[PDB]
K.L.:
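The structure follows.
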Number of protein chains: 12
Amino acid sequence: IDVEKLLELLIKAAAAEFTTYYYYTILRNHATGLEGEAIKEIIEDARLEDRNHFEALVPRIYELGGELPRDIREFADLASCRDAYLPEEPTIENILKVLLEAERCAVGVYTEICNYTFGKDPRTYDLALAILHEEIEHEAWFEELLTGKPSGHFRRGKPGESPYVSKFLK
Amino acid sequence: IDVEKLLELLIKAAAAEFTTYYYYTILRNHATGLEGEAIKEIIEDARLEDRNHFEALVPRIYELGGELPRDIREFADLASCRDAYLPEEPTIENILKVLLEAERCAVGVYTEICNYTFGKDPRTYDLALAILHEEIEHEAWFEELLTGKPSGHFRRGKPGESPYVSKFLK
Amino acid sequence: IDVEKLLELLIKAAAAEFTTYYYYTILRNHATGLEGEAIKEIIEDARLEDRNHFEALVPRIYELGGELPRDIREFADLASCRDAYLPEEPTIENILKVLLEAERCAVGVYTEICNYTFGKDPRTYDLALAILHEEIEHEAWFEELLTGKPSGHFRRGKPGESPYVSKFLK
Amino acid sequence: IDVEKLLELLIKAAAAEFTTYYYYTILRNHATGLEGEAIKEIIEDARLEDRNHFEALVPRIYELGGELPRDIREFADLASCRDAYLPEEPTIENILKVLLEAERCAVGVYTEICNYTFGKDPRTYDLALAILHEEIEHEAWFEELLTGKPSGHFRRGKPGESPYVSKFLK
Amino acid sequence: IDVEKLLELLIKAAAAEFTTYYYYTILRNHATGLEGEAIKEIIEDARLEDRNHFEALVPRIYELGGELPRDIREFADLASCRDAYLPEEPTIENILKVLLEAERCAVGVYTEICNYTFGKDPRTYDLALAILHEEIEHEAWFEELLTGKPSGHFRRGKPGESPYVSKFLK
Amino acid sequence: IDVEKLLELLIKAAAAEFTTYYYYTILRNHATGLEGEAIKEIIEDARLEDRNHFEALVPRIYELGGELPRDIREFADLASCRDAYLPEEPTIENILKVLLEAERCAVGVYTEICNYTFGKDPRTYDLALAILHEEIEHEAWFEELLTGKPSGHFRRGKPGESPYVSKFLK
Amino acid sequence: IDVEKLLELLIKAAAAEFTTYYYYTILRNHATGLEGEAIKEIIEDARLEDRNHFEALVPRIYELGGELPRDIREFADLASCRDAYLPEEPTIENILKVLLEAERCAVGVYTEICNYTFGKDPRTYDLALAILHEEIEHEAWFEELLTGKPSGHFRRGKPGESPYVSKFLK
Amino acid sequence: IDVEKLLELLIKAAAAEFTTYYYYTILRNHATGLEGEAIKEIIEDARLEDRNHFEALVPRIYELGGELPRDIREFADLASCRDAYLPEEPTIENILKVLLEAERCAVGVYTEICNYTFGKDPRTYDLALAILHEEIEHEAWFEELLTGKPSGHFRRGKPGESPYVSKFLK
Amino acid sequence: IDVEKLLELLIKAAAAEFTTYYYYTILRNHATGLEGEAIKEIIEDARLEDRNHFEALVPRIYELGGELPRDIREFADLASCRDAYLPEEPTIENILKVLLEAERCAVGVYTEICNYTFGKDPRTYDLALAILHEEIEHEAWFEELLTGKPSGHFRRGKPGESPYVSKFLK
Amino acid sequence: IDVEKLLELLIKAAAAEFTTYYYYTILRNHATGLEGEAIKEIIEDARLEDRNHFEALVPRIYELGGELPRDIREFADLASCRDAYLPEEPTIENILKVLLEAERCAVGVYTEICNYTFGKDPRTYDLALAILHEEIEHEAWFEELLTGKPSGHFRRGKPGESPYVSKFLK
Amino acid sequence: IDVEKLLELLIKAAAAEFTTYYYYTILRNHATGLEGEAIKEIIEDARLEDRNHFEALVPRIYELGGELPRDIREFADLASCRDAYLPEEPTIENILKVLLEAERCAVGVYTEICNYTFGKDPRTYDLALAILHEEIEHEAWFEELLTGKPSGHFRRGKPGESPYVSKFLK
Amino acid sequence: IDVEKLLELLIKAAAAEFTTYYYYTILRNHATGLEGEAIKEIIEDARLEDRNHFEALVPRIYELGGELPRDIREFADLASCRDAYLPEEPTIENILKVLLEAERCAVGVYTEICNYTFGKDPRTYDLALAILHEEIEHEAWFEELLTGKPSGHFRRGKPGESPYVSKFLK
Ligand SMILES: [Fe+3]
Ligand SMILES: [Fe+3]
Ligand SMILES: [Fe+3]
Ligand SMILES: [Fe+3]
Ligand SMILES: [Fe+3]
Ligand SMILES: [Fe+3]
Ligand SMILES: [Fe+3]
Ligand SMILES: [Fe+3]
């Protein structure tokens, strides 16, 4: 494995998770009214688990000899996803669209990392797989709410449970 | 008490609970969208408690000298209720209709067993009464969601609590 | 501080909390249907915390040399708020209107008590402040549900948590 | 069963429990001195369990198609017991007399409901029986304290345990 | 109900439970070897739950105006069962025979009490029913071990759980 | 990956787990006598974990765009294993034979799914691997009991622990 | 050590604890009125810990090759203490006298066993010492209540804690 | 704020709490007999919470640049209260008099500190307020026991709970 | 109070906390070697509590009618503190210098907010006071490590305890 | 006490415990079949508690100025017991013979240490006594399984409880 | 035993523990800087356990008919150790010297008490032994930190665990 | 896969873990002084997790048809690592060198096993991967302490947590 490339991938994914922890706060606060109370706890579940994803990526970055960038704006500019901005018309459907685009991008990032470390770096692969479980379940929550396609998921009992990444957490 | 008749009643009710544990899984997965997120945890609450009802009926069946049937298809064909099939147009209102018919039938089954063992078999009566509490509360949840008639119930804190049948559970 | 005036304020506020514990029960039971399941746990959260507010006001009343009135009808007639009556047309929006008027009055009562005991009676001030936190958060829940204005609150994990008044509770 | 009669009985008993939750607060605060510290926790135990009795009666009332009355004064005027007023000479013995009259009336109310729903409405019967256990134990506590007749009861570990009605509570 | 007769029944049953708590200790210690390790935890489960049965009968005896007899030998001589003596040849099969005779007698005692208080004394009936659940499950454990007839019971997780009588325990 | 083939494999394996949850109940109840008490908790451990396997397979099926079949008999007819029928001579050795054939088939099913999704679908692979851990340990328990070959496993502390699949459970 | 003598001492002390568990039940129920509520929890604390003393003595008896006697009346007749009979005039002071005589005898029994096994049988010595701690604290509770001599003890948080003998308990 | 003056106040109050932790031990041990068992747990509650007050004052003293005095006798000589000496005639009423004088002095000390840091040092003010809550509740317990004036307080569940100062404790 | 000014103050302080949560991660990772292991848990304690400070500021911002800025770079540019950059020579002493400058600035920010809302906005004042407690204790930890001045603080038991702000957290 | 002799005794006993932790693993894995499932948890209980014995001996060795030997083979060669080798014919009875010889030797080792430190080194004596309790109970388990002599012991609830040595453990 | 001599020894040792609880607070606060953070939790562990030693000595003093002295200065003047004064040059090494002298004196005090009550007063002996365990482990912590001699101890998980004296604590 | 080769690898790795559990005890005890207290808990964390690694390897060895060797010296001679001997000059830096060589060897062993079972034996691969996570984190702890290279790890909350291997543990 070319380890500088994996370090770029991992830093970009961790910037995606950190920015996501911010933008989801904003999105959570605008899920308002009767429809929004339905999706608020789900946004909060995804936001806390994603910040846990950041908390799991950083130790692996420093394991491989990389560092987080000096400036937090450099970090934000490195995000592998685009910013989950609040829509101009922040309806519940428009917000769900933004959240679904974010978790679809996140699934792709971690699929890319797993397809990079498969049979080559088992620790990073296992970590990217653990985050990929939770990003797939994030995408399913928001795609069932926005489109109605049944994907059989439930709401975590408490936000930030992160059942698949917890063994990388303290 | 004619104990073969009570054994038929109890086996038929346990087949109702086992099939219900399956069909409610299917119904749970199709409660989708913004309206469905409202009723999903309630379907899950009823599904887990009903499978707990099966888990409480089987020991009493073997107490009285009966057995579950050899083949699982024989068992399913013995269900005292009709199959809670997914409706052809699986809207939230049509699904609530199916769930309400299932829990109304279940209330009738356990009313029948209690009216059979009253003053005659106190253990089976107490057990049928404990399940009857939870089936009455299932019916009330779904009738408040479908019709709006206030029956004063809340959502269990965690699915499968089964507060009335727990003392028959392990 | 004129302590008979503070005792009137505190008794009137405790009658507001006790009556509110009753009327919110009624309002909780009529939050029915698909929209009402969304607001039921929020009504229950506010009802239990408000009865906890009564449970915190009574010890301070007897600290200052006051008593609850002999007759429970005298007590109800002393409520600093108006009765959160069930609306003639008990829709979800009309019920939210009633709940929001009740929690807006409650915020005003406890603002008045804090503006009375500020720098003068620190124990009563701290207690009125603790209740005022929870009444402000009640008002925000119901104003976000009724109007959509984002005020950034979540649902307590379990009803009656009363995180700000708990240190006055047993 | 004539269900309007059972609804009257159940509403009157729930008004008895709600008023009792108020009047026992007052009685608790006047159990003072060296003798009163002995009976205070017992008054608190009975007060919290009785308010739990109210919390268990209301869901059954709305199950059967009844409602709590619109006005809280109507409710108080419906109490099946007389008001546990603070005695004119509020000695420990006079207060125990009042508490014993209240719990003797409560035992009679729930005996009446059980004698009404026996073999006829098993859910309401089971609920009235669960409250009747705790009202019998309330009467025994206060009759042992006032007269010395041994009835073999202990103090609940924590107030409001309600071991017999808990399965109807949330 | 003739209450002196019910007091005799209840005192005799409580002597049965107290003596049983002793004799089961002895029987537990002689369940030795490879076969006995299988039945030891089951003997211990039944012994602790039976002593819990004594702990639940005594408060009801003093509720009804009765007392335990002055002398512990009078008490032992009042046991409604015969003494679960260690067999002359204390094999695992002979010990199981003794345990099964004891729990069959206990089922009969509590069936007799329930058939006495049915529709007449609901508190004592509920208590006798709760003990009767656990005595029926004791009989089933020992009859499955001695004869092999399937009655579908499992081993309690911890001895003395007493899931049916716990609400009468402190 | 041809996703309809993986959906067939996953539905067939989930029917195997659901039928197994039924048939193991029956097998559990006939593990009787002194020898059977030894294997009962082990049957119960495997039965509960297998029903947990069903509870983990269904969300992945609806993730991939599949559904459980409409009718529960269709589902049972799709089981990748043969029915763990009670043997004609239900001795402890014959029952162990049936249980060992069932868990050997289950190991083969999940080996097949893992050999299908390896390096191709990491979420389904991880899930099939988690179930495969527990099916390998089921096979080892029953092969040590039936043949005596040491495979170094212990009994789970509580049934249905499912230590490897729990992160897919709620 | 002459081990038959130590076995006599240990069997006599265990009969003292078993009879005490009975007689303290009776004494507990007659600690009535305002004064008795003060001493009831203390009687209950001593009763449960003493029955725990029986539960710790029996394993050591069977360790040393002894057995509990065949008949429970033989056992009661072997008690190293005299029977804590209910006094003819069962006042709170007379009951405290009886309880203090019982715990003074118990302190003497275990002092005798410790003075027997000192430097000779360390396991039995440690066990007799652990019971002797709790019997000394029982005597101090009852001597402070009856005479007022300060011995600095508090009430255990929950009855039957047995902090010194717990490591011999299961 | 003149910070040396606040440091004197805080050191004097912490010496009051440390000496109080000693003298309350002595007072606790002499609350003997039937009346004293009533007040013992209340003395223990106040003693442990007061030693917790010392544990909260010391970090704030070292925050502000002060130190505890070198010698423990200097410290004791700095106590803002007078020594809660055991009365010459240590009756329950005389001991309650001493305890009430101590907690009345403590309320005055912390009122003085709060009136010093109000709007000037918010951390010390909040800390002095938290201790002042618990000292007001100490005074109320002892004034209700000694005089009978109802102040509506209960006994903490466990000694040293310190619900208001706990957030300053470790 | 001019509420736009308080909203600026609160948004700037929340940007300080969010950036601090990032920069402290970086600082935590470079506290290396034998000296750094001493300060790592303290950096982690401060980092988690500061991110909790962000989690408490956002609900109050949306209460007062403000919002977090659309872009995360705008947010970072609004931080009331300067960026806790990793020093060019990242020794343990240089890192402690940076951490101490950050927590000294944070103490000043929250002193400014409290001096703004004192007697004017009690909810925001209480919140700013709760954060100010934890920022004062952060400054004391780092000033004791860097200079040796005794300020009497200990290490929180687990990172992110936030004992003073927890009642604002979920 | 000659402390080099006590250090030899303690090092030899700790080598006995460490080797025993290995050999019991092997013995545990060969307790197979229907008889072996009975004794497996008992072997596991003894193995974990014995490794806990090693964990308690090492701190006392370094207290007295001794060390564990440099090489792990030197350590194994110092074991005060002989190696609990797997028997050539590893039947359940032959394995029980080996386990009983090991725990009989262990009882003798710790009897020797206690007879060495009695009245001379109280810390080491107390530690050797705590291990001696658990070794006596190990011997009793295996002697009841192999010979049937009743010694009145039960199975620890969870392996490695070590109730007597836990206060020396971390 | 001459009990006045043992009472002197026990009162002097309890004054040593109480003064130590004060002086260790002071010593804890001056363990500053990078080296001091290493020893702070160890000082806190010893300080809390020593105050627990005081909490265990007082009940035994009042058991034997002794009392704590009337005045707290008399008590401090009775300390069996010398005052653990802050050194004139309070370096980490000088502070460790003071702490090691204090715990060496404490080991000698409790060795003296055990050598006094050996075979003569088993309760006091057991108590002095329990404190002597913890004082030996205190001495080992400080002697390993000051000199480097390996004595194999670890840091208690939480301060004031007091694993050996806890059974004397409430 | 050639299964005898994998059995050699797994037995050699389990001997590495068992010997490591011994040698780390020795290394832990010599991490003395002010610097050593910093690294002691980290040595203890690694030692307990490594012994947990042994506890996870043995069941997989007996799954695959292998056994631990008859003699514990044969086992030690099979260790895939070299013995982590105490250095001749046991400074903190020399001890860290030894620990880092041990965990670097362990990372290589488990990398070798994973590179052997990849896509071939998924259970053993998953197990070797779980141990490899914890061995990589062991190496990072010791390399950050010895060299200062930031690898972003923290100290486990309690020793032997083994977050990655726990699902293989009981
Ligand atoms: Fe993410
Ligand atoms: Fe059902
Ligand atoms: Fe019984
Ligand atoms: Fe006793
Ligand atoms: Fe104080
Ligand atoms: Fe901050
Ligand atoms: Fe000490
Ligand atoms: Fe390892």
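For ligands, and for the atoms within them, numbers begin at 1 and follow the listed sequence. We name chains A, B, ... by the order of the sequence lines, and we start the count at 1 in each one.
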K.L.:
Does the side chain of B:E134 pick up a donor-acceptor pair with the side chain of B:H53 at under 3.5 Å?
P.N.:
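Note: B:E134 and B:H53 side chains meet the donor-acceptor criterion.
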K.L.:
N/O/S of B:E17 less than 2.8 Å from the Fe ion (ligand 2)?
P.N.:
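Of the N, O and S atoms in B:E17, at least one lies under 2.8 Å from the Fe ion (ligand 2), which means yes.
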K.L.:
Does A:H133 offer a backbone N or O that forms a donor-acceptor pair with the side chain of A:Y110 under 3.5 Å?
P.N.:
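Checking the backbone N and O of A:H133 against the side chain of A:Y110, no donor-acceptor pair under 3.5 Å is found.
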K.L.:
I need the ND1(B:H53)-the Fe ion (ligand 2)-OD1(B:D50) angle, rounded to 10 degrees.
P.N.:
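The angle at the Fe ion (ligand 2) comes to 70°, rounded to the nearest 10°.
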K.L.:
Would you say B:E135 has an N, O or S atom lying under 2.8 Å from the Fe ion (ligand 2)?
P.N.:
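Yes, B:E135 qualifies, because one of its backbone or side-chain N, O or S atoms lies under 2.8 Å.
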K.L.:
Would you please classify the geometry between the B:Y21 ring and the F:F18 ring as parallel, tilted or perpendicular, with 30° and 60° separating the classes?
P.N.:
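Geometry flag for B:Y21 against F:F18: parallel rings.
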K.L.:
Check each of B:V107, B:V165, B:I113 against B:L132 using the side chain to side chain contact (heavy atoms under 4.5 Å, CB included) test, and report the only one that passes.
P.N.:
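With B:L132 as partner, side chain to side chain contact (heavy atoms under 4.5 Å, CB included) holds for just one option, B:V107.
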